[PDB]
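Engineer: Top to bottom, those sequences are chains A and B. Counted the way PDB author numbering counts, the first sequence spans residues 67 to 108, 121 to 482. Counted the way PDB author numbering counts, the second sequence spans residues 69 to 109, 121 to 482. Here it is, the structure, as structure tokens.
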Amino acid sequence: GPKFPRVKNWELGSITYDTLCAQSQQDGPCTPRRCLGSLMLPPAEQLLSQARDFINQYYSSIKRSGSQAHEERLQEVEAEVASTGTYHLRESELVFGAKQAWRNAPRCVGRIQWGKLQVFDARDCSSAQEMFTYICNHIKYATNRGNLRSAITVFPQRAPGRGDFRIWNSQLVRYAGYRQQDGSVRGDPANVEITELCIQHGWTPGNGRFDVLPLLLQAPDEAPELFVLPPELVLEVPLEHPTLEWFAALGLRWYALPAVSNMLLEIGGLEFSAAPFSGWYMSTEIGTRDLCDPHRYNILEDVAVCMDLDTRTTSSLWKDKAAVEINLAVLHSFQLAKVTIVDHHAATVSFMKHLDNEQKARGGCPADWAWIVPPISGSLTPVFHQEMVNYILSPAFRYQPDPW
Amino acid sequence: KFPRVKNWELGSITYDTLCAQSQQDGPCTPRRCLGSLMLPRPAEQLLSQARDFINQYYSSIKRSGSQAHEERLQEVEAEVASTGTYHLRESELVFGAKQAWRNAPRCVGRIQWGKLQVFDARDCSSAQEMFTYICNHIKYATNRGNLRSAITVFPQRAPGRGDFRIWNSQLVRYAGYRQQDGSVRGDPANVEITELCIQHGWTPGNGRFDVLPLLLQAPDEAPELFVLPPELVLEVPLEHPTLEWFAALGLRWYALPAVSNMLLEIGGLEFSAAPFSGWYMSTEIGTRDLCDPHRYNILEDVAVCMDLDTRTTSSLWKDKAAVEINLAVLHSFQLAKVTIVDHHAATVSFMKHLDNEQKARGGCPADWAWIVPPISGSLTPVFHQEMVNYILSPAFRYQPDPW
Ligand code: HEM
Ligand code: HEM
Ligand SMILES: Cc1cc(N)nc(CCc2cccc(CCc3cc(C)nc(N)c3)c2)c1
Ligand SMILES: Cc1cc(N)nc(CCc2cccc(CCc3cc(C)nc(N)c3)c2)c1
Ligand SMILES: C[C@H](O)[C@H](O)[C@H]1CNc2nc(N)[nH]c(=O)c2N1
Ligand SMILES: C[C@H](O)[C@H](O)[C@H]1CNc2nc(N)[nH]c(=O)c2N1
Ligand SMILES: [Zn+2]
């Protein structure tokens with residue numbers, strides 16, 4: 067009967083309909099002919127309608143839709159575009175749009191926390207040193223000595239024919255990737271290019287598997303300036319296993335604060351090219367993807383050898399065994415170091431709770447199944463059995479071209 | 069318009085040009101992707128589908144545009160033109176069924192698509208006959224543990240009349256008995272089909288692994304009930320290579336995975352009963368069938384057996400027990416000398432399959448959420464491979480339950 071997508075949970079046998087998708091004003095990659103769900107990467123009038131939509135969302139969200147303060151703000155926005163081509167957000171509109179952006183992000187399993195985000199307004203920032211300061215305050219606040227708090231620092235928006243504010247690094251904390259003159263990679267192979275870029279702008283490079291990179295920060299129309307994070311601010315966790323005593327001797331570690339810095343925050347048309355945000359990790363990001371991907375640290379074989387497994391064949395399930403212990407080592411060490419982390423079971427459960435809230439509040443929740451299901455123990459988590467609708471709402475986070 | 073398909077482990081890129089051959093729409097639109105849903109909710124069409132298929136056949140055997148090619152297109156026009164339908168020649172049928180497997184976007188086993196034994200059962204007029212055919216297929220496919228893939232094609236659907244159907248969703252299935260307190264004894268997925276069996280006069284067991292009888296239906300007749308001779312149903316008692324206690328759980332699973340509720344479409348013809356079988360990939364037994372909360376749900380028990388900390392999700396008791404259960408399965412199948420494939424070997428081989436398909440056809444429809452195993456996904460190479468999904472024909476479809 068209802069002509070909205072029917073959404074089923076195959077474990078519990080329950081059924082919903084996503085009506086929220088009707089609100090989507092941007093096309094994704096799929097068509098009736100073929101599904102492109104698994105791919106990672108798929121102006122006056124145009125700006126004004128995006129701005130009107132957002133202001134409408136704002137007033138809705140405080141329950142004053144249609145009111146004269148709503149029609150006045152609408153008027154104020156169109157007046158400001160009329161004469162300058164852009165406009166600006168009130169403080170509390172930025173706070174709402176930034177949260178709304180996290181809320182709308184289809185690939186984030188952490189959304190249950192969407193309403194608990196600290197928004198640092200940094201639209202006054204006018205230099206690269208100042209960005210540094212702002213970022214340090216961020217890390218300091220967000221890190222909070224282990225008791226991690228979600229936050230986002232918002233720098234000034236794209237302006238017409240004026241350079242963007244850009245953080246070159248893809249995350250605020252990143253280990254160096256040193257290309258060897260024997261093809262291989264020392265450190266994190268994900269970070270090869272940014273390392274090369276830092277060195278070229280005059281960083282004296284280290285030599286280790288876990289060297290914290292400096293920040294490359296770009297004020298409008300200036301070459302990027304290089305900034306070393308003072309070590310005492312970058313909280314790391316040494317990794318050790320609860321029962322395998324030799325795991326500590328591997329000298330593996332990860333940093334506490336996952337802070338993404340290369341995304342664009344789009345709110346009602348306006349684009350914030352430098353709006354770094356952070357939360358806390360899910361255990362599989364480090365334990366499974368970062369440490370075990372063949373194209374990352376790739377420690378799987380090393381660990382299984384230590385665990386004395388048969389690596390000559392697949393049917394020993396040697397990879398599955400080691401993956402689990404590496405993950406268990408991530409959880410145990412973070413717990414021991416009193417640093418916030420969430421395991422993939424706890425995390426997905428809370429995402430199911432989120433789906434139920436959003437069903438009630440908005441009529442659905444855009445979700446990307448391939449990304450919400452964790453990279454180990456998929457069907458062991460309730461999300462695997464949950465059909466999901468994926469679509470682009472706004473405000474949003476967006477990828478953007480690398481500044482170089 | 070041609071999708072760029074990337075492998076993020078190796079950084080290699082291809083292009084799907086095979087998706088341009090799709091003639092049937094999927095559930096996605098530009099507005100929203102519905103790729104994670106399980107079910108998707121006359122003389123000119125049949126004639127053109129028919130044509131396209133016959134072409135696929137002659138081109139397949141390189142005789143395209145030739146003598147027997149034009150003259151077979153005539154046989155088909157003639158036959159539809161005057162009877163509103165037509166019939167397939169055995170070899171064309173053999174080709175269609177191989178191709179429907181090849182086109183199956185959710186199948187990880189397609190490296191094998193060319194090795195398929197095809198039984199023509201189109202001369203069947205009775206559930207009786209259907210059964211005899213069903214037993215031959217089982218005997219053949221099972222081959223004393225050395226599983227061989229097979230399909231058995233019963234007569235096509237027909238305008239005037241009811242379908243030949245096999246009511247059971249698989250050929251071998253364990254009973255599910257809904258007990259006093261809304262509990263379930265045995266396989267919870269087969270409560271409905273156990274109930275139907277009981278309605279049509281089957282005396283039920285009361286164990287956890289009671290092989291169900293088959294309900295087979297010939298057109299417009301009530302279904303009939305047939306009991307598989309226990310010797311034709313090869314079963315593997317599960318044990319663990321190091322945990323001596325695991326066998327005491329009394330767990331087991333059947334060797335032959337043979338699907339029987341799926342419709343086979345070839346050149347616009349529909350085959351409502353065409354059971355097919357190959358061999359299990361281990362995660363199906365070890366992870367979905369035994370650990371799914373709405374299946375046998377053995378995860379907690381194993382874990383307690385393993386003296387693991389059940390109190391908390393962070394001890395990874397779920398993941399640990401799951402690995403050992405999947406191990407017990409491979410060990411057991413290996414010990415009983417019955418074909419099985421782990422999810423590492425399977426996906427490795429599927430990768431090779433995408434490579435052949437790339438050279439051979441310009442693409443391969445695949446369904447990322449089904450190709451990636453239910454545990455240890457990113458530990459397998461398919462996890463890092465982008466994939467295009469779309470519907471090619473010949474095809475397997477779902478069809479409504481006949482009751
Ligand atoms: C609070 C704890 C959080 C957890 C556990 C969490 C978890 C995750 C995970 C596991 C992913 C998939 C990442 C990957 O595998 O690469 C993700 C994606 C994402 N996260 Fe969250 N997150 C959290 C907080 C946040 C915050 C504070 C924001 C921003 C305000 C955020 C925004 C996003 C966005 C936009 C994506 C999509 C990335 C993409 O589109 O490629 N998350 N998150
Ligand atoms: C021979 C070894 C085979 C292996 C290892 C294998 C493996 C699998 C697996 C793991 C699935 C996912 C389904 C699930 O988890 O429920 C699947 C799906 C499928 N398989 Fe295969 N399979 C094999 C043979 C065959 C054969 C012989 C056929 C038919 C000729 C076939 C046709 C299909 C189809 C049509 C699907 C998709 C079902 C759907 O859309 O729900 N497979 N296969
Ligand atoms: C806040 C946060 C929490 C968490 N648990 N993990 C992370 C790290 C995972 C994460 C989250 C968002 C965004 C990204 C990457 C964004 C990104 C950007 C570009 C340009 N290309 C890509 N392929 C990807 C990664 C971040
Ligand atoms: C040949 C084969 C090999 C293998 N390893 N596993 C299987 C079993 C998995 C499998 C494959 C295709 C099709 C199904 C049917 C799933 C299914 C689908 C619908 C709509 N209703 C149901 N009751 C059941 C199941 C079959
Ligand atoms: C091809 C595939 O979409 C790609 O590897 C995706 C799969 N799911 C993912 N899910 C998360 N959370 N992160 C990822 O990087 C990926 N990779
Ligand atoms: C809703 C979700 O798509 C559903 O649980 C799917 C996910 N992936 C799967 N993958 C396989 N191979 N088999 C399945 O039954 C499923 N179930
Ligand atoms: Zn799609």
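Heads up, the beta-carbon is just placed ideally off N, CA and C, and yes, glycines get one too.
(1) Hey, which unbroken runs of the alpha helix (DSSP H) at 4 residues or more fall wholly within the stretch 389–442 of chain A?
(2) Going by DSSP, what residue range makes up the alpha helix (DSSP H) through A/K177?
(3) To be precise: take each residue of the stretch 439–455 of chain A, compare its Cβ to all Cβ atoms of chain B, and keep it if any distance is under 7 angstroms. Which residues remain?
(4) Would you kindly check if the distance between the Cβ of A/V251 and the Cβ of A/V290 is under 8 angstroms?
(5) In three-state DSSP terms, what is B/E158?
(6) Kindly confirm or deny that the stretch 394–407 of chain B and the stretch 373–387 of chain A touch, where touching means at least three C-beta pairs closer than 8 angstroms.
(7) Along chain B, in chain order, which residues have C-beta atoms closer than 7 angstroms to that of A/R367?
(8) Could you name the residues of the same chain whose beta carbon sits closer than 7 angstroms to that of A/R287, not counting the 5 residues immediately before and after it, in chain order?
(9) 8 angstroms is my cut-off, CB to CB: does B/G103 come that close to chain A?
(10) Using a threshold of 8 angstroms, state whether the C-beta atoms of B/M341 and B/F475 are closer than that.
(11) Is there a Cβ of chain B sitting closer than 8 angstroms to that of A/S339, yes or no?
(12) For B/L348 and A/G442, I'd like the C-alpha separation in whole angstroms.
(13) May I have the straight-line CA-CA distance separating A/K416 from A/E171, to the nearest angstrom?
(14) Using only the heavy atoms of ligand 4, determine whether one of them is closer than 7 angstroms to the beta carbon of B/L250.
(15) Over what stretch of residues does the beta strand (DSSP E) that includes B/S80 continue unbroken?
(16) CB of A/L471 to nearest heavy atom of ligand 1: below 7 angstroms?
(17) Given the structure, does A/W482 come close to ligand 3, in the sense that its CB is under 7 angstroms from one of the ligand's heavy atoms?
(18) By how many angstroms is the C-alpha of A/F198 removed from the C-alpha of A/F350?
(19) Alpha carbon to alpha carbon, what distance is there between A/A229 and A/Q191?
(20) For A/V467, return the contacting residues in chain B, with the cut-off set at a CB-CB distance below 9 angstroms.
(21) Can you name the start and end residues of the alpha helix (DSSP H) that B/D380 belongs to?
(22) Could you name the residues of the stretch 366–392 of chain A whose beta carbon sits closer than 8 angstroms to any beta carbon of chain B, in the order they occur along the chain?
(23) Can you find a CB in chain B that lies within less than 8 angstroms of the CB of A/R252?
(24) Tell me whether the stretch 215–227 of chain B and the stretch 175–193 of chain B touch, counting them as touching only if at least three CB pairs, one residue from each stretch, are closer than 8 angstroms.
(25) Less than 8 angstroms between the beta carbons of A/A122 and A/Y165, yes or no?
(26) Please determine whether the Cβ atom of B/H463 lies at a distance below 7 angstroms from any heavy atom of ligand 5.
(27) How big is the Cα-Cα spacing for B/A88 and B/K74?
(28) By a C-beta neighbour count over all protein chains shown, 10 Å radius and 16 as the cutoff for buried, is B/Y477 buried or exposed?
(29) Which stretch, first to last residue, makes up the beta strand (DSSP E) that contains B/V232?
(30) Please list, in chain order, the chain B residues whose beta carbon lies closer than 8 angstroms to that of A/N405.
(31) Does the Cβ-Cβ distance between A/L295 and A/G280 come in under 8 angstroms?
(32) Is B/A401 close to chain A, meaning its C-beta is less than 8 angstroms from at least one C-beta of that chain?
(33) Assign A/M106 to one of three DSSP states: helix, strand, or coil.
(34) Skipping 5 residues on each side, what residues in its chain have a beta carbon closer than 8 angstroms to that of B/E318?
(35) With distance defined between alpha-carbon atoms, name the residue in A/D446, A/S457, A/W449 nearest to B/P452.
Structural biologist: According to the data block:
(1) 396–414, 422–440
(2) 169–182
(3) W447, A448, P453, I454, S455
(4) yes
(5) helix
(6) no
(7) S457
(8) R264, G265
(9) yes
(10) yes
(11) no
(12) 39 angstroms
(13) 35 angstroms
(14) no
(15) 80–83
(16) no
(17) no
(18) 13 angstroms
(19) 11 angstroms
(20) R100, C101, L102, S104, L105
(21) 378–384
(22) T366, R367, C370, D371, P372, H373, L378, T392
(23) no
(24) no
(25) no
(26) yes
(27) 18 angstroms
(28) exposed
(29) 229–232
(30) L395, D398
(31) no
(32) yes
(33) coil
(34) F325, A326, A407, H410, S411, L414
(35) A/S457
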